[PDB]
Amino acid sequence: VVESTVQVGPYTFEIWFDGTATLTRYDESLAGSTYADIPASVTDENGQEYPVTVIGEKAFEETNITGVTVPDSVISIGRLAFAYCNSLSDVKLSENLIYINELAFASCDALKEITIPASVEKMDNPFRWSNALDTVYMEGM
Amino acid sequence: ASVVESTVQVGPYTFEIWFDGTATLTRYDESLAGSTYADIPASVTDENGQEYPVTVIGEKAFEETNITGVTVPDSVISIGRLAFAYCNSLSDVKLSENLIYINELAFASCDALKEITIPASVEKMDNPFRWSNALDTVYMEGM
Amino acid sequence: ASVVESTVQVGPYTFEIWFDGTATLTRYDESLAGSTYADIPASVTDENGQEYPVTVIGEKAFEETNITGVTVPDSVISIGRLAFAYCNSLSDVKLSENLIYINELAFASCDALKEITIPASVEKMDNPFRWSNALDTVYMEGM
Amino acid sequence: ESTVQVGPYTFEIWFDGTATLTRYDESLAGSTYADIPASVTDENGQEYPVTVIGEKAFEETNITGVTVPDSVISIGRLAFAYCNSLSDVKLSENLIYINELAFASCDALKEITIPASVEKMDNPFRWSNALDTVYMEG
Ligand SMILES: [Mg+2]
Ligand SMILES: [Mg+2]
Ligand SMILES: [Mg+2]
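Residue numbers (the entry's author numbering), protein chains in the order written: chain B, 26 to 166; chain A, 24 to 166; chain C, 24 to 166; chain D, 28 to 165.
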């Protein structure tokens, strides 16, 4: 169950009963740049800190981002999280990511390269994401 | 970077042994196989009894064959271009730790292939699953 | 270039009426439907009783719905972006005989769609079937 | 006798009086433009319409453009597969069937026009990573 919704600049987060946060929406009209440096934590109205463990379903859908850092607090990237981000060319994934859900980078056709962290256990076939993604690299543990 | 020293036939498998001391699986001949499961040998012996590791699955080695399953042994470092392409009955692929490279379209248009597990040793993949309809999910082996 | 005159609800269907005298189907609400077959009306009546043709299936109108089949009536000229995307039970699509354009990803990631018949009137399609990997064959009436 | 060579083109001639283009040999071609002949003649001067582009006929060749003449009824499986420089395909007009992966990995192909005669084809969006739009001629 959602405990509260917190807005941090262009980011909307939902805080759950289990003490984790999901990044539910990126609002490009509120962003200071096209590089999304996603925070690893979010603080509620009472000063309690929660880790950002999930990039929610369609959170960045159809946004103008050119680059993104997914912090090491994130365990899962949701379905269509970065779908139709037509200018997205630089994706930094971090060691602790376990799951990359279906079509997480659907039609990110400016994405030419991606490196998968050693921690990833299950992902959607990454070659479905971008028409320009010829090769996928895997980080060694 | 090398030259073929000898060609060896082991049942349905053709191997080329290179002067660098490694062997490439160049062809799978269906008509000589005992079953549709390809249990690829990790090594091949030449006419003088010398043993060589099978380090590469050659380009198109299993192209359009009737295989239902395959074990790629721990001796293999790379899987060549279209090595298992258009294998419409292939549903079970065992990759082993030591594989580094999966070349372009290596498992292309394999319509019965629904999943694959990638070993922790794999460093690079050139779109090996293009046109393989049911290949949604990729699992990754931990170290 | 037009403006929305009014919005009309007809069972599970939401329509926008434009000043050019046409209607766009903007949303399909699963919870208001009597069945999983979407028999889209060819016309819609506004609050003053005026009938208008349904000429467009709007962007994402049926996105992620439970529909198993759809009839796109002969009044429809264009199917919008992602109009039927992610409809994983959709297997039967009857398209409009006046359909001219099928916009980008209109039938994307529809994993149960195995075939489609394209009407002779269609002039242009912007990759409508991306990620619908069971969609092998496309039929046309021909000569 | 049942095989005819016309420059870079090999044709197999059938009992039913039709011909299949079985192979394109780029080392024998005068250019990278494959203007496929609509007919082929045997040693006795009998003319055979070219009705089929055979399976893998142009596989991995250097062609930059192709005209498939109005005599062709079917394009075979992987006929133009891995033709990495192919950017212009003219289909004519009598074509009925386009078999599986006829233009597989023809990733320099940005648009294609499908003739009104085509009745059944492999999804053309599978062929090229650069093919955003398919046009249908009336
Ligand atoms: Mg197939
Ligand atoms: Mg790994
Ligand atoms: Mg799917």
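For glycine and all other residues, C-beta sits at the position ideal for the given N, C-alpha and C.
Query, Result
"Reference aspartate 149(C); option with closest CA among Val26(C), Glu127(C), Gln32(C)", "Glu127(C)"
"Proximity of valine 161(B) and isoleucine 139(B) at Cβ, strictly below 7 Å", "yes"
"Proximity below 7 Å, CB of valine 67(C) to CB of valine 116(C)", "no"
"Top-ranked residue by Cα proximity to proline 35(D), from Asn89(D), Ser54(D), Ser29(D), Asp43(D)", "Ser54(D)"
"Alpha-carbon to alpha-carbon, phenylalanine 85(D) and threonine 94(D)", "13 Å"
"According to DSSP, residues forming a beta bridge with residue 167(B)", "Chain B is shown from 26 up to 166; residue 167(B) falls before or after that span and cannot be answered."
"Where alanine 24(C) falls, given that 16 or more other Cβ within 10 Å makes a residue buried", "exposed"
"Rounded C-alpha distance that separates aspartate 134(D) from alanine 157(D)", "6 Å"
"Proximity test, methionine 163(A) beta-carbon vs ligand 2 heavy atom, cut-off 6 Å", "yes"
"Chain D contact for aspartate 97(C) (CB, 7 Å cutoff)", "no"
"For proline 76(D), the first and last residue of its enclosing beta strand (DSSP E)", "74–80"
"Coarse secondary structure for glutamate 127(D), derived from DSSP in three states", "coil"
"Other residues of its chain near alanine 46(C): CB distance less than 6 Å, five sequence neighbours each side excluded", "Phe38, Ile40, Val67, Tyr75, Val77"
"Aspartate 97(C) Cβ short of 6 Å to ligand 3 heavy atom set", "no"
"Under 7 Å (Cβ pairs) to chain C, residues found in the stretch 99–114 of chain A", "none"
"Sequence-distant residues of its chain with Cβ nearer than 8 Å to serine 114(B) (five each side left out)", "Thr91, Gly92, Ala135, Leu136, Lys137"
"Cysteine 110(A) versus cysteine 110(C) - alpha carbon distance", "29 Å"
"Near-chain A residues of the stretch 137–164 of chain D (beta-carbon distance less than 7 Å), N- to C-terminal order", "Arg153"
"Under 8 Å by beta carbon: chain C residues contacting residue 172(D)", "In the structure as shown, chain D begins at 28 and stops at 165. Residue 172(D) is therefore absent and cannot be evaluated."
"Terminal residues of the beta strand (DSSP E) in which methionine 163(A) lies", "160–163"
"6 Å Cβ shell around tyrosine 60(D) - same chain, five flanking residues per side excluded", "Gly92"
"Bridge-paired residues (DSSP) for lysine 83(B)", "Partner(s): none; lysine 83(B) has no beta bridge."
"Exposure label - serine 58(D); buried when at least 16 CB within 10 Å", "exposed"
"Supposed close pair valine 99(D), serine 119(D) - CB separation, criterion 8 Å", "7 Å"
"Element boundaries [beta strand (DSSP E), containing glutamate 39(A)]", "36–41"
"7 Å CB neighbourhood of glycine 44(D) in its chain, flanking five on each side removed", "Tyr75"
"Bridge partner(s) assigned by DSSP for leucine 48(B)", "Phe38(B), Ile80(B)"
"Close beta carbons around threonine 88(C), own chain, < 7 Å, minus the five adjacent residues each side", "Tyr51, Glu53, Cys110"
"Top-ranked residue by Cα proximity to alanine 106(D), from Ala129(D), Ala143(D), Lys147(D), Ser155(D)", "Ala129(D)"
"Candidates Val79(B), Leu122(B), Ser29(B), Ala108(B): closest to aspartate 69(B) by CA position", "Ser29(B)"
"Minimum C-alpha distance to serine 101(D) - residue among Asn71(D), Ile123(D), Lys83(D)", "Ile123(D)"
"Cβ neighbours of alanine 65(B) in the same chain (closer than 7 Å, five flanking residues each side left out)", "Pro76, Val77, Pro96, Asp97, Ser98"
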